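Chains as they are written, first to last, in full-length UniProt numbering: chain A, 1 to 222; chain B, 1 to 221; chain C, 1 to 217; chain D, 1 to 218; chain E, 1 to 221; chain F, 1 to 219; chain G, 1 to 219; chain H, 1 to 218; chain I, 1 to 218.
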Amino acid sequence: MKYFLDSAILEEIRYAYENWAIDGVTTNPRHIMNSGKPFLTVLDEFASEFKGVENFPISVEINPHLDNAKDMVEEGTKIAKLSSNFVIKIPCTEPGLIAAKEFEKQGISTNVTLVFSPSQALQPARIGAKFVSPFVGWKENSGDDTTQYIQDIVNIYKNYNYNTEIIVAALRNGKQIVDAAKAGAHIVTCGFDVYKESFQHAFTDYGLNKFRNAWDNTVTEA
Amino acid sequence: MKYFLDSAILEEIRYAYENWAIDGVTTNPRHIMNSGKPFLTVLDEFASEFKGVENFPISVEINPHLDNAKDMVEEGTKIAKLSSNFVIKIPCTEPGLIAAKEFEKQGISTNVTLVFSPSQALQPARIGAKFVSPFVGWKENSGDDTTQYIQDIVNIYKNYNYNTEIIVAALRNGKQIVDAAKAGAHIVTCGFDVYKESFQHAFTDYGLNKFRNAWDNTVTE
Amino acid sequence: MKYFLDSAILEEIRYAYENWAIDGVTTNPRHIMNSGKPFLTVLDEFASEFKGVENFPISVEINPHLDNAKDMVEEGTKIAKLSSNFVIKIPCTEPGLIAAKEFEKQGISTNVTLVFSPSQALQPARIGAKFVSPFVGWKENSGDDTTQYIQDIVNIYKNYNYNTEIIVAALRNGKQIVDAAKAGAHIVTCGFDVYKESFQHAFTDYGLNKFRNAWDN
Amino acid sequence: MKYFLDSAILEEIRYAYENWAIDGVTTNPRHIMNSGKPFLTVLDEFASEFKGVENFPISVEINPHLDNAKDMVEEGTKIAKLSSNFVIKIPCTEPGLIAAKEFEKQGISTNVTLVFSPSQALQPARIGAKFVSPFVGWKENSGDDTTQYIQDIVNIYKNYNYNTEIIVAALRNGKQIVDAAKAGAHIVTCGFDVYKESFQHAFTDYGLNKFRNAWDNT
Amino acid sequence: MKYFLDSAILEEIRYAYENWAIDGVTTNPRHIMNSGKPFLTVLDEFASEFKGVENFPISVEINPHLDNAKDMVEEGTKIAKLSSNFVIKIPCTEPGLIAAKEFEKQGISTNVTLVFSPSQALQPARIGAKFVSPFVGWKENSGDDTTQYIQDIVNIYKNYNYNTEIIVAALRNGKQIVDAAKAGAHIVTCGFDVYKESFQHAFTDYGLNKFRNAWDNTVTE
Amino acid sequence: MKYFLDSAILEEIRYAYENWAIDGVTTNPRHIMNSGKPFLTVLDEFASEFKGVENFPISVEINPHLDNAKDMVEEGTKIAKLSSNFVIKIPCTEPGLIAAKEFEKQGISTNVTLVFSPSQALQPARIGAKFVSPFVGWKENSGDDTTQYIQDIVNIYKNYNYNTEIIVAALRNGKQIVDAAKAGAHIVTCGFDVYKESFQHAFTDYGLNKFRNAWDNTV
Amino acid sequence: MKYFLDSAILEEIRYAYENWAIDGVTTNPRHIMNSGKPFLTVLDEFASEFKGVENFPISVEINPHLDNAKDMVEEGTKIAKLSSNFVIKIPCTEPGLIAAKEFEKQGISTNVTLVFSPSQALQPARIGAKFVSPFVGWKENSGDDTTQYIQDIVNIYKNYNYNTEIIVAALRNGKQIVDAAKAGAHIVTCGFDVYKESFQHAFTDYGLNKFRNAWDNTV
Amino acid sequence: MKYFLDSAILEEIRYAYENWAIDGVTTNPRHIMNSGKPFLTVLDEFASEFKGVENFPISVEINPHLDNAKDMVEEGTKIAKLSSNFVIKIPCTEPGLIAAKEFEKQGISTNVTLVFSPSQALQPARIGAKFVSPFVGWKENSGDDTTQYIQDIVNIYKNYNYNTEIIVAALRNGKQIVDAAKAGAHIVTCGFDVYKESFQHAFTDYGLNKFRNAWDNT
Amino acid sequence: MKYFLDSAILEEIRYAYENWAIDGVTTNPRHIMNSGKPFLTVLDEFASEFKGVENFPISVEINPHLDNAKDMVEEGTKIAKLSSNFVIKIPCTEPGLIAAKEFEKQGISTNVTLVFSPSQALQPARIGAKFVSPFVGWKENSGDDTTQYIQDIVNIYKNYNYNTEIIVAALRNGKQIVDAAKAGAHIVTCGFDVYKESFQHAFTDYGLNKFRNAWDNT
């Protein structure tokens, strides 16, 4: 089971890789923006940072204004050249899908994003996308429940033996990671702080204090 | 998992194949009618369109008036000759089944249609039909629930290791496609618009707009 | 349990009332458009058609461009004057809700529409809307399942004793009507043909033929 | 997999085999009676009709008056000689079981019938019966529910890897066939009319009419 | 069913009351801090803002350092005097509970907070607290599931006919509000933006645009 | 709804009453023993401690050697005289039940204990016992599951409108209290420490510390 | 909830009434036989034993050979005269039902027995029988499962507000009593030994011994 | 899959083997007592009765007074010598388990009995007992439900791939056998009469009569 | 399947190994304290006691004050040297995990403890810990239910084919052991008395007494 970091902050990515054994990285125009840096600079820093590393995907989203497959494929190919770690994040639209279909035919890995239902998830798999990214958070913000549709996607993918790997996305806490693990999603992608806190629990603190007292009442060096 | 187009409009079929990777095509006398064109011309256009393609079924339904296996087999064989992509759509009637039994014995692939229950679905499988097409929409229109009977058919087929492939039919939206995928149906057949919209979701639009704004506030070169 | 007609075609509405005992009517800018007639003409025809009847709601949607409660309330009040059967259909937006809150305070019945989740459904009830209209069809078209969220709304409303009545909307077949009946929704709203076919069943035809033979013997 | 015809009417059996691909036949003193013809004549007609067809069982029930295993085995052996397609239908009684145990030891296939519970179904399997026939209809007539006990039998058989094949019996409609298919029963046995109608549905008729109109407009 | 605002920002509280018909307000030392203002100033502004209004609770948390019921009761009484809308937020500790017991005996309403299990929720109810506040968010952050324990609390309270009202707390989205509504919780408390967004949905936007197009093709006036 | 203290330590009982609003007390020969005091002294201290208090049952178990109803009733009546708060704890045995039947006829409240199944729970209710005490802990120690049998008892009592109140007993933690609350048991009885800790949770500590930091940056 | 004794042994009935507060008695030709006495003697002993008692049914089964309603009604009326406690146990047959229908019209209480399915249970209720007795044990002996059909009967009776009271019959252990209590059956009928043992549990014995030790270490 | 006879009456055991294909035998001090014969005589008769037969376990319970593993192992070894069909029934006590552990190390098959919970069942499996015998009847007599704990044991054994075979014990009817079959218990052990009746059903009688009438109308 | 003893009392460990076939040992600073002996003496006694035994893990917890991976790894390596049976118990903290990651890279087995949720359990598995120890008791003391989160962990581990073995910890009775067995947890760790009593049941005692009477009458 794979943990990807949904961030564009290189220092977050460095720490995660070294200490958490993150299995890859996801970005989008919003995360790129909040990096403070320009797009091609972020990309360049990434290229260099992971020149060596062999099976470590970095999902990078093409200009969202694009409204036609031809242009989509052009701009994405440019980005692909920049590093073999890069995967092309692409919206689940009529052109988006057509473009992904082509990208994958040409052996360029894609990540279809802005998926919100199992029917939306099906087509990426049917065109042999390397990654599909179904969203939780935005739906929940509006009062929609997500647990069924995510489970459905996983079951469907397993049932029809599709290779496409599911990245559960827009996650905001540990419980949600667990939901996905229970569902059997291939991958999960979360902000730095989400993962950090998913490791920490008040009972651990409580436990340490119990044990510190006990140690302080033991002869610890005969 | 297989997506078939339930349409007779060649332009719809062309787009679907090129962009959606549809895995085949279903027709019926109503879709043939609404094509505007005559039957054997539709068939001819299809024959030529897919002369090349090897594993791409086109289900073509024999005249609904025919009321006897002998005639059914005659008329269907004629249609089969016209192209090796064609499969013979045949109603789930007493003669219909007998005809399919024979067609398949003679190595002509059939698609038993107008199936509405699992008991109706069983016999096609027992005769080694290549396809069975159970219906959702028409039942739902009259207030019947379909989800159990479809699931039952799939489970039955899997359980007794039949080769017959299930084409869930008379679908009208994405949710229903998903229901079938969850059930494990082999195939689904839908109109052009159904599939098109099954790929589109309001949250995607919402997402794009978020992202367009973000891009417009980033230095992209 | 109430059946409303989601149409703006007066002839459909006439037949429904006379033969199906429809309990009211829903409209929206799309149905108004497809009437062929202009808005205030449709409204006028309705006003006259039901001048007498006092217990028969007709939901009529204000201009969707409006982006402010003040204007919303103005335009809707105008429409309310035209007939006491009219209910003011209003989108579930921040201004939409504020407007409904006011309309209802002033004793003008509202129908909050374009509701797609239970959290969206809650606020209309909290503001004392006469009707809330959660949608099925558009969600299903995009692959979303609706059965839970509709059931949830009903349970929530019953549980907290809100008087707001649920109109399950964007329906397309009989099964879906039944889903709502099973859920306990107050109201359902459907096109003419949906209802017509929800009454008809192939086994009935089959049965008649059995019985015709028996009679003729 | 596995439709048997519960009839003694040879014309029904002929049609079924040729057109429905029935996988075998079950009979019973009641069906034999209502054939009109006498037992050994019915059997003879069957012997000739098939013998030579390889794996097509015809279940034929020994005299129900018999009350001792010794006699049961004698009379059944006689019937077995008449054709190797015949299987010996035998009631689930204390002697019945003892007889089946012996029949199967001697390589004569049996069908233990008048089974109404899973405990009754177990012993036939434990003695290596070729067929067990649990009943639905008669129980339902008296208000008993059957769906659990049938499911239980199937699960039990699968779970303990018994070769004995289940013939769900005393069926009266298509829904019930489906119940058994869902349960995973090996075999089902039904009257001619049951099967015939299990293939027909009012929506098909309705559909044909839609389609006839459409055809007439091209 | 009651919506409370979990904020100390007066402008948020004003808007909510006027437009959302919020039924009350919750605060805690963290929200007080992030107000920018000092505690007794925030309190004073509140007192004045709602001088008139009856049945509108404002939950205000006593100093968390306090480790003894005697002091707790002293400091809280002081706060209670400041306004009859105020409710005394109190941690679920051994002294916390003892203090609440006394406060309620003296007819001063309390809100027991930092409740994380049904056993913790029981004692406040057993002491006749006006409010108990069980937490969702912090638990979920550490990987704990909350839906059962919240449901349990509600069922328990209903089953033993306690008047104590449940305020589901540390909420972050609309789905979670719905979970609580389904559970039958009396009250929910959320930040401004949570509520705002719980009213908005991408399908509404999509719907408006459909309808705007339709209107633009209609002769209205 | 009701919390009883399963202890014979007076100081524990005092604190519980004053701070936790315990609704009553349960004892048994084991708790009496571990009090350190003699039986009739414990009882006397209780009598005096709660002379006033009107709705506060104290369950006190008769000698477990007794094997006949006649003697059981004699010894228990003696104990009942000592205080009107006292309830007579009695094992779920053939004589035990017969004795309870009589005690209740004579208007002396009983608590049938050492109940381990719903069939055992039924008869106390059928004889109009004031309390029945089904056990959790000892069963679980041997690997038996208890959740169904407790739920069953509650449902049965509610369904047939028995007055007898259920005291879930031999409890060891908060989760178990909650199980009983979910089941709808009338009463629960727990050791001092169980209740104390059932009120405390590591997330509360964590919360306080968050808030202490916030307070220290305010005002 | 009612416990009836399924016995014809008067000494069993005496003990049960005095100590267990049994709410009535059921009999059948097999129990009558194993009494050692003749039918009319058993009946006479019962009549006298409960001359006083007003609300205490004794179910007494007419000759099973009878094959016609007219005779059934005659013989049962004779038995009814003998005591107002008696209820007429009657098989669930075509004549059986017709007879019960008449008996009840004439205000003579009946108990329809040898009921094995809910459809069989329905008709007694539809004719206003005072008691219906569905059977568990004999079905289970042959491998049939009973839990559904009993639950179904209860739900059906409650749902359509029939007065007829359900006596779950041919019971053989405590678990089965509990099953019926869970189902909400009105009445249960069991042998002496069944009830006796339904009140005992090994953990109680274990508990007593723990407590005896504790008592022996207390002043 | 396996039916064992819980009896010490040799005539019952003979009939069962010959006609029911019983797969083995269980005994205990109570059944030995009710045989009428003395212990070592019963054992001797058994030894001789099955000298030949290869795979047919006979469970024989050591003196229940024993309170120590040393003695348990001594007395059981003595019994084992008497016949290789014998399995040593042993109570689920602290000494009981220790003894079984040793018996099995020494290649002597044991049957741990008086098991009433899954935790009790686990340790026998953990020490490689050939048989564990969980009880139904005595629990039910006191109002305890058994179906969960039995299912749990089976699932646990399957899940952790233990070889120990489960003998569901203290059974009294057919339904209970079925419960165990549904659960997937390896073995069941019942009195003669229980099994006998588990094969018979009122609907079979009813069926025979229908069929006798039909036969009588040739 | 695997029973570990959560104790530091050598005599308890000896008895358990010899009679219960315990599969290993867990300790923590509290158990070390309540041993009465000093830490490095306890460790030494263990080292010697199990010098031979090859597949027998002994979990030993490093100083809980440590607040950095570097120091953690240093102190743990020291302990590892002392015996190849020892596993390094480590709290589920940010440094704790980083340290475990390193320990395991260096081929030193770790046991991540003070795990209270599935998200906490995931990371140890993701870093290839040999053992994770999720806690039941302390949660239940505060009124939290644990059954789901334990089941979730097991299902998650199985589903993503992690080798890390789950030690359900802070158990206090037999029922809880069974819960874990039902869940499919790899390992369980319990105090001496818990296991002892998990083998004893009042019905066994009751059974013995029945049987003693019966034996005394032959």
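Heads up, the beta-carbon is just placed ideally off N, CA and C, and yes, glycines get one too.
When C-beta distances to chain D are compared with 8 Å, the residues of the region 171-188 of chain H below that value are 174, 175, 177, 178, 181, 182, 184, in chain order. At a cut-off of 3 residues, the continuous stretches assigned as beta strand (DSSP E) that sit fully inside the region 128-200 of chain H are 131-134, 165-168, 187-190.
Collapsing the DSSP output to three states places residue 97 of chain F in a helix.
By the Cβ criterion, the region 160-169 of chain D is not in contact with the region 191-206 of chain C, since fewer than three pairs of Cβ atoms, one from each stretch, lie closer than 8 Å. With a contact defined as Cβ atoms closer than 8 Å, residue 22 of chain F and residue 4 of chain F qualify at about 7 Å. Using a C-beta cut-off of 8 Å, the region 126-138 of chain F makes contact with the region 101-118 of chain F, since at least three inter-stretch Cβ pairs fall below that distance. Look at residue 202 of chain C: its C-beta is under 8 Å from a C-beta on chain B. Of the candidates G:2, G:123, G:131, G:130, G:123 places its Cα closest to the Cα of residue 142 of chain D. For the options D:96, D:81, D:111, the alpha carbon positioned closest to that of residue 44 of chain D is the one of D:81.
Judged by DSSP secondary structure, residue 61 of chain G falls within the beta strand (DSSP E) whose first and last residues are 58-61.
Within the region 40-79 of chain D, the complete beta strand (DSSP E) segments of 3 residues or longer fall at 58-61, listed in chain order.
Contact with chain D is absent for residue 95 of chain G, since none of that chain's Cβ atoms lies less than 8 Å from the residue's Cβ. The beta-carbon distance between residue 198 of chain C and residue 167 of chain C, rounded to whole angstroms, is 16 Å. This is too long to meet the 8 Å contact definition. The C-alpha of residue 165 of chain E is placed about 6 Å away from the C-alpha of residue 132 of chain E. Between the region 69-89 of chain H and the region 99-108 of chain H, the count of Cβ pairs shorter than 8 Å is three or higher; the stretches touch. Within chain H, the residues 29, 32, 33, 38, 39 have their CB atoms less than 8 Å from the CB of residue 218 of chain I, given in chain order.
Among the residues of the region 120-148 of chain G, those with a Cβ less than 7 Å away from any Cβ of chain D are 120, 142, 143, 144, 145, 148, in the order of the chain. The straight-line gap separating the alpha-carbon atoms of residue 185 of chain E and residue 153 of chain E is approximately 9 Å. Residue 197 of chain G reaches chain H at 141, 142, counting residues in chain order whose Cβ is nearer than 7 Å.
In this structure, DSSP gives residue 211 of chain D a helical state, which the three-state scheme calls helix. Taken through DSSP and simplified to helix, strand or coil, residue 205 of chain I comes out as helix. Of all alpha-carbon atoms in A:147, A:93, A:89, the one lying nearest the alpha-carbon of residue 6 of chain A is that of A:89. Per DSSP, the beta-bridge partners of residue 24 of chain H are H:4.
Against chain I, the CB of residue 211 of chain A has a partner CB under 8 Å away; the residue lies at that interface.
Secondary-structure assignment with DSSP links residue 103 of chain C through no beta bridge to anything. Proximity to residue 215 of chain D across B:25, B:34, B:1 peaks at B:34, based on C-alpha coordinates.
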